[PDB]
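Residue numbers (UniProt numbering), protein chains in the order written: chain A, 1210 to 1237, 1254 to 1262; chain B, 947 to 1104; chain C, 527 to 789; chain D, 255 to 339; chain E, 78 to 85; chain F, 2 to 95; chain G, 3 to 106; chain H, 1 to 56, 64 to 1118; chain I, 1420 to 1502.
Cβ atoms here follow ideal geometry from the backbone N, Cα and C, with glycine treated the same way.
See structure below.
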Amino acid sequence: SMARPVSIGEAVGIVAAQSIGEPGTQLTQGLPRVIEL
Amino acid sequence: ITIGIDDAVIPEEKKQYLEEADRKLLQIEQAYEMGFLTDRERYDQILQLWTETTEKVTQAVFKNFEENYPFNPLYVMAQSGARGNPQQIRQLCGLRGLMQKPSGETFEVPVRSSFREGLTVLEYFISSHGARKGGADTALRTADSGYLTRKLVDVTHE
Amino acid sequence: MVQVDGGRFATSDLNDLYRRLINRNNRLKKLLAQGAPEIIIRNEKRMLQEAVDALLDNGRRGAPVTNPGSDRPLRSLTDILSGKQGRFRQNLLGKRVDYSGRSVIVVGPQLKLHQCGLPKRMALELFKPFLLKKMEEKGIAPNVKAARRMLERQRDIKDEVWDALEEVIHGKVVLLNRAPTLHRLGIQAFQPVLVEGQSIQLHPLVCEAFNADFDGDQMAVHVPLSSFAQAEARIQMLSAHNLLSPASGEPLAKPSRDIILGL
Amino acid sequence: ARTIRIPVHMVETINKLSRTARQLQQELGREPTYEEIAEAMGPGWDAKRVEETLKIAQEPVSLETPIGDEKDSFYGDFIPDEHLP
Amino acid sequence: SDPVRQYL
Amino acid sequence: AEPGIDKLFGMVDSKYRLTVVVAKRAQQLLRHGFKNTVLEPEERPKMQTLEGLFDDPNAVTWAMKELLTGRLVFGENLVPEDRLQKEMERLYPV
Amino acid sequence: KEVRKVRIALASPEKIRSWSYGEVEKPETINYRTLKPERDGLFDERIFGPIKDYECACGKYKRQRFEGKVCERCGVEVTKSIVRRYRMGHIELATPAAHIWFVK
Amino acid sequence: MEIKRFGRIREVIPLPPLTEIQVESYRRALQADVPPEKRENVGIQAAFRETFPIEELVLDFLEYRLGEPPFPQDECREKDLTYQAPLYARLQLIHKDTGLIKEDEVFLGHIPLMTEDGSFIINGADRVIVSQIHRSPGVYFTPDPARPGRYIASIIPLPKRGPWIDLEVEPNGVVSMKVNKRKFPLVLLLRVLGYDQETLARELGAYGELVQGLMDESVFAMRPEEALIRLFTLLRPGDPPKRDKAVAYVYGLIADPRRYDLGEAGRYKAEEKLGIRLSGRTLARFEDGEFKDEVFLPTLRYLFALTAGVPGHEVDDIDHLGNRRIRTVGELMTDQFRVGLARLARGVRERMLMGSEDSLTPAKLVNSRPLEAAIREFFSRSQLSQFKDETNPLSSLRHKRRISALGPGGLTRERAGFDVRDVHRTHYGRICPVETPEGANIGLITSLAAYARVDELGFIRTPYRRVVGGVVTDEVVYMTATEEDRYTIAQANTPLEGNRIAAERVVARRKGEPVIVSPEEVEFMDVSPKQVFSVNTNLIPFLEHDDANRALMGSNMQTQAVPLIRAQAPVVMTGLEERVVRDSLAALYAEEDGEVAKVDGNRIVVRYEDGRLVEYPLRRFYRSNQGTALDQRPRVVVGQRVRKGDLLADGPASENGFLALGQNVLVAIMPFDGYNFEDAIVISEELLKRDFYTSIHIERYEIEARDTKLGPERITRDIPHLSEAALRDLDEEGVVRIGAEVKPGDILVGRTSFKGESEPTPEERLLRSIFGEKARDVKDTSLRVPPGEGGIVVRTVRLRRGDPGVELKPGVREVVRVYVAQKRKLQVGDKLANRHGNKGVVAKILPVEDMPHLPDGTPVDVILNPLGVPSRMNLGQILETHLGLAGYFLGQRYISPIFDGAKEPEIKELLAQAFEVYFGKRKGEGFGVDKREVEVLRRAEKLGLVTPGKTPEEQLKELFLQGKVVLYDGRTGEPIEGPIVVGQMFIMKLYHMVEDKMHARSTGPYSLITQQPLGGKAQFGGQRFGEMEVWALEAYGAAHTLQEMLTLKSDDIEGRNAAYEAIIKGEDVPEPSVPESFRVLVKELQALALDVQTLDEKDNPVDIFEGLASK
Amino acid sequence: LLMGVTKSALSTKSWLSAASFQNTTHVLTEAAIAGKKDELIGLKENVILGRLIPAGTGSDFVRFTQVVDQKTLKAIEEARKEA
DNA sequence: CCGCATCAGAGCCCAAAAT
DNA sequence: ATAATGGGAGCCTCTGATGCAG
Ligand SMILES: Nc1nc2c(ncn2[C@@H]2O[C@H](COP(=O)(O)OP(=O)(O)OP(=O)(O)O)[C@@H](O)[C@H]2O)c(=O)[nH]1
Ligand SMILES: [Mg+2]
Ligand SMILES: [Mg+2]
Ligand SMILES: [Zn+2]
């Protein structure tokens, strides 16, 4: 989001999880393939 | 920028493309009742023909816009990315296209009408199955995704 | 065991589960002292186990214990701890909060990217403790207690109180949230601009990150209280400092709809 | 049988009122008033006493009672805590 | 498995 | 955007450390009534009321602005924590 | 001191009793006339604490000058009513019973 | 104005009575107007006949009767009473031992009556019972998913009237039977019916390996009695297999016409499917001492013949609307009635085994408490009994025609998946494909089609016209789905000359599959396009031009239209808006021919031909369930001559008898400076000035004064420590005076309550001593106006105890009700929508001088952004606007039917005629073309809109036929650089209004156990900061903000108290402490006998209870 | 060993994390037998206790950072540079 | 030793919440 | 406080992990 080296302390897993989940809605394999993986 | 009904421009190329599709469709019928092709083969050929005719009419819609009416509102919104995409615009000025049975297999008969021309009650009903199926798909997905995301947060949170 | 409004009593299911247990234990103590046969003592003992079982985890083994003339299984300790409605996922990993509000959102083209429209009536409640202190520092009321008494009746509110509120919120931000919060931008910080009217005004560029429309969406408002919270919000959570997607790295606040159309 | 324990004789009196009203309602083709029950119960009974007896006989209700379709709402959740300042 | 049936 | 936010991110190794420095500085100012500020009378943030111009009450605004000047020193293990408190309350009472 | 760790472990019957402020001997809840808790019942103040802050049940000792005294007449400790959220009771079973979590 | 109707379709029959599914269903169940001897055995009668006689002594049923209601409907609504009739039953006691006969009429309680419009009044609130779709009873055969060449036969009876049966054929070759989830070989049960090896061989055998695979020798080694004991040991282990006990179990489960009920539809479906005729509703009989089979062998016969591939055997599609039936109000209530009757019978058998076998009458033997509770339970807690939707007349009419697959006896919201939610081919003409909820319930709740009716068996039928040869008769046939599949059905719009089919090729359906067919093959024809859609969908003009997903929103939102004081019918209608007002019953009509004698605001008196002077009172400002004002206004004048069925008064949201859900406004389609962004809407201040989109709303407030153990609550004008300013508008008794403006904080009803033992702390005692005022005995509990509410006090109702007609719940002295009304002008945040699914919130109200305007000075009303059209694909609004333009200048309204409508050329003809009025006026008034009109015309020919080389008049008319006009920006005066689409659109103000939704809280009520803020606006709740919100704060790394949410702003008690004190003292908020809901968690784990210990770095315990929990 | 996200989540050292996810009783019974200690390493644990999470302004890297003005650093410094 | 089966676990967020 | 009275009434779908079984 800042297009620059990440700051120590950024809660990165949560950001990873939100990034993967947010598009989930709009997936038409489809989302089942993602879950299979 | 506005939208009137005359802003959905039926391309002249449409009538031509439709006449071409019917002679092709007749040739596939002769090969069925004469036993040249199976029931499986005939249906597969009909869907394929109509897929190509749809694509044909789309390009015609966008060519007619670009060359003869480049500031048309539908065209402008779609091209700039303000709103619209080709498949929605194709349904406004073109044909609606192939619709799906409640199962998953596609109807052989397409909707030749556009929202500007208007559908027939029978065409309208044929289309509803896919509409409903889409809504149910979406409803069960938001739940599946929601659960997925929660699993993901829990595994990476530390 | 609480008396509700009407003088009626409302009570937790645990009390009925304990009462069942207590009775069977007491009867068992009595049957032992009175030297009943082993078949009778055995039935009492097995009933005692089942009563313990319902208290700790009802429905886990055997028929769920129910209140008479209801199909509703009584709510045992396991049910209290676990599930969507359980203690963890309801009161522990998330809570209802003070200093929060909600309204319908409306587009505010005139806003700078870091601003929002906030109904004045909402702002007075959210900052109510701050407004009381400021009403004492200047002079609208003799002390804190009288100031609160004046806001209770809406007609007792004079016009100087609105200017008083403006002084309070200077430089501070509030949090806007629109559910569902799918990624970290479901919440952003804004400097509030007081408005007449009952609607929240949202900046056009952020509608995408929020997936907001004007087809009737509502948003929630939150007030960070401490200097620490306010600092976190203005630096880390401010809309203007988050312009790019943390997912793709691409611009998030970007032209759309009319803006593209005009250019 | 009761979350709030009742003296054995008092339960018996209440049950008498039940039977009585049930008779009274079966002859009258409608619910009796407190006065119709107070008369039917004999001397010592006025309408005021019939009401007080019923107030005592009211059983508490579960805080976990569901409200609505979705099984995601409890009655206890709508009750403020008046004790703590 | 049924406490009444066992007792009967 | 907060004024000169890009330069502020410049001064630190981690964006969250900026927030910590700012927040702590703003608390120092509030407790001591601003009289420990490194700003000068014409640099003081101002707020426009109906009466007229007054000092910006918001200490977080103050703290970021002070930081931009350079007159503040930030780091870890610079001085025992309690000793600072006594020296500041000695220099700038409450 | 500050909390750095949270341990969870099994509780001996001795320890269950180490928590307990009394045995609940009766299924009674509160008295149908007075609406006060029944002695030795699930709400008994002699076990779990006073209903009103620094005030005993029968009202011999009503304020905070005494905190920790246990009234001889009614038996209730004079402390904050908040303790009714904290102090545990216990029931002494005649025959032992298995904890279903460790069975099922 | 003139009304021009388009369309060539002649509809041979009118729409059926729209609430008939409700009215007719309940009338069929009660038969109250039927003389008892003439009652058919159905509904209530059938329920009684089923439960009796009750054997030991025999108590037998004679007949029932229904009394008249104790109180009328208005009275019931007033007093929070149920509208109901007393039910009595004549019973005769017989003695099988003696000969004794005592007969008496016992009172069974009350039964709720349905009103004229098809709804109920239950405890003062109006309610609707929603019909339930479910699987029809019968015998079905579906393919077995596991084995691709085998099948399962399922025998399904009416719900709760028997078990589900499965006839799977196991891999070993023997045919297995599944009952109550337990399996055994079916041959054993066959032996119990008295079947022999010969019968199975001779009947079936034709199937070489299958009939022989069922044969098991060990079972035959025993007569029918021995085989029965053998099976019983399989089903009930540990129960002694006593011969009378085994018979009892098997009889009650299979043959008992009391414990096992196939439907009446089940009987027909079974008889029709298996080609047999059933003597009753049971799977078997007990006759001449043994069991005699009815169903089982034919079901086995059909299964084996199917496995082989014998002609005439098919699998059944379970979503076909022939195998799916509707359970209407009568049936739903009657099922619950049957339950209550069976419980009462339990009491009878138990009372006939106690107190003396002689001195008993029927009145002492019967306790009606179980029956009343079952009926009261259904009508107040069923999930088919819903709060009436009466936002506007269409709301309730639609509510009554809704169909739910949910509820008691149907899917759960979790227990449901695609096959059921789909739109089935058989839905055509029966269930609307459009009107369904969006979201989780999609496809489960639907709406009855307009021409559909439910037959006596519970199947939906739809009308078609017979076609013989090529001639279309006028005879209409209502068909079930199975019967429809037999014929070839032509479309309703297929060309006709006279009564003759005029086309060489017609568009038809055979089993839903579209096919082109010659007129010789045409057996039937659709009655109308209307028959395919619900009532709401049928109200959308130009529906053939709208994408379905948006059409759905159009339907659903008409339900939400708020009644407007100025409400008007749309300028473009479909022709159904007349029928809806009439069937809704909101509007008032004349009984016979006559003359109007009197016309008032409160009443209308009519003198008919009969001479009778019928007086019709009008309902004025009544508050509906949703708080919209139901109010009727007089439409006739003194002396007006009326015929039979002519309109007398308009209901709410009706204008001269046509449905008015909104207003007709002049709209311009164009972006406006970003106030149009993402569906928001810009409106002219002129709308408020002329009170368009203004609606009346009433909220009801209630308070009880009750007896307490501390003394009586009293409703009084004397309230401690309040100034006279604070009481001015209160009457003598403490009630606010009628006709006062009340605002938030104001007292509605004054009330005092006796102070608890909190009898003032010594701190308050010393203060009170200083001012020399005794602390009062009572405290101020007065009812006040909630934040954000208020209006004008229009009514007060006061009910005490000891006043005629009133007794409150025990302990309650008196109840006071205050009705407060408000006139709501449209404002920023209120929500608008049209019939095509364009919906949006009001983002800007411009003064008239900023509004874009026509050259002749008329400003537009609403400015809608065109960006909503192309992605949404709802074009009816565009054609609606154009025809709306013509009608604006020609002064006309239109009826354009769905799918047979106004078409493009015809709209063009009308638009030209309009231009003459818009322009010819100008040329005669002495004005020529404007300078700016030329500038726009320049830009228009660059767009290819007008043909180059024509006069300005010719070019403007060319644009006007495209529905575009020249528009001047009111800010600049300069024209819009292009011609803009402008016309009249029908737009409604929906029920979602900011005034209701705006909410905020600093601190407030907390929950008992958790000490977290309560929820919801009515409780002054806090917002829920949930699991996902915490993630957001976490990803930002805002630790102190998050911690505030977790402590000071919620259940950290020391912290939240301390933080408030700091803000009011101007200090900063303190560092938080342990949240109280964590302490709750710790103690809860201790209650589970688990030791939870907080430890320091030295692994020593930390006490978070600060010594309070340790002895 | 490769395990999916759900099982992986249930296996974390922190018993407060696992029991608040899913399989609450199972997680809690195995934890209680073991006499398990949650070290409060991750986010969910601290969220439940209402602590300052170990990220952002709560990370130990930035948590202890000090601010002092030059007008005070030199003032404090001169008095202490002596005996 | 390998399959089957049986049981027990999960199944989006917020607001309304018309009792 | 004493005729005699003797065995009960009742009802979706996915994936994953543990115990009997050719
Ligand atoms: N989880 C959840 N979210 C919902 C639900 N209903 C509505 N939403 C929200 O509503 C929004 C719908 O946005 P849309 O108008 O369809 O956005 P779009 O993709 O631009 O559609 P168009 O405006 O036609 O282009 C979603 O982004 C969701 O955040 C629901 O039932 N569950
Ligand atoms: Mg939206
Ligand atoms: Mg959108
Ligand atoms: Zn005492």
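Short CB-CB distance (under 7 Å) between residue i and chain H
i               : result
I1217 (chain A) : no
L30 (chain F)   : no
Short CB-CB distance (under 7 Å) between residue i and chain G
i               : result
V1089 (chain H) : no
beta-carbon residue i near ligand 3 non-hydrogen atom, thresh 6 Å
i              : result
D953 (chain B) : no
Any non-hydrogen atom of ligand 4 closer than 6 Å to residue i Cβ
i              : result
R75 (chain G)  : yes
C642 (chain C) : no
Three-state secondary structure (DSSP) of residue i
i               : result
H843 (chain H)  : coil
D246 (chain H)  : coil
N541 (chain C)  : helix
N1465 (chain I) : helix
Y708 (chain H)  : strand
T958 (chain H)  : coil
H320 (chain H)  : coil
Heavy atom of ligand 1 within 6 Å of residue i beta-carbon
i              : result
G329 (chain H) : no
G446 (chain H) : yes
Near ligand 2: residue i beta-carbon under 6 Å from a heavy atom
i              : result
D741 (chain C) : yes
Short CB-CB distance (under 7 Å) between residue i and chain I
i             : result
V61 (chain F) : no
**Request:** Specify whether the stretch 712-720 of chain H and the stretch 754-773 of chain H touch according to this definition: at least 3 beta carbon pairs, one from each stretch, less than 8 Å apart.
**Result:** yes
**Asked** Mind pulling the beta strand (DSSP E) runs of 3 or more residues that sit fully within the stretch 399-431 of chain H?
**Response** Runs of the beta strand (DSSP E) spanning 3 or more residues and lying entirely within the stretch 399-431 of chain H occur at 409-411, in chain order.
**the stretch 990-1004 of chain H / the stretch 668-681 of chain H touching (three or more Cβ pairs under 8 Å)** = Taking 8 Å as the limit for Cβ pairs, the verdict is that the stretch 668-681 of chain H does touch the stretch 990-1004 of chain H.
**Prompt:** When the Cβ atoms of the stretch 1008-1027 of chain H are set against those of the stretch 1039-1049 of chain H, are three or more pairs found closer than 8 Å?
**Reply:** no
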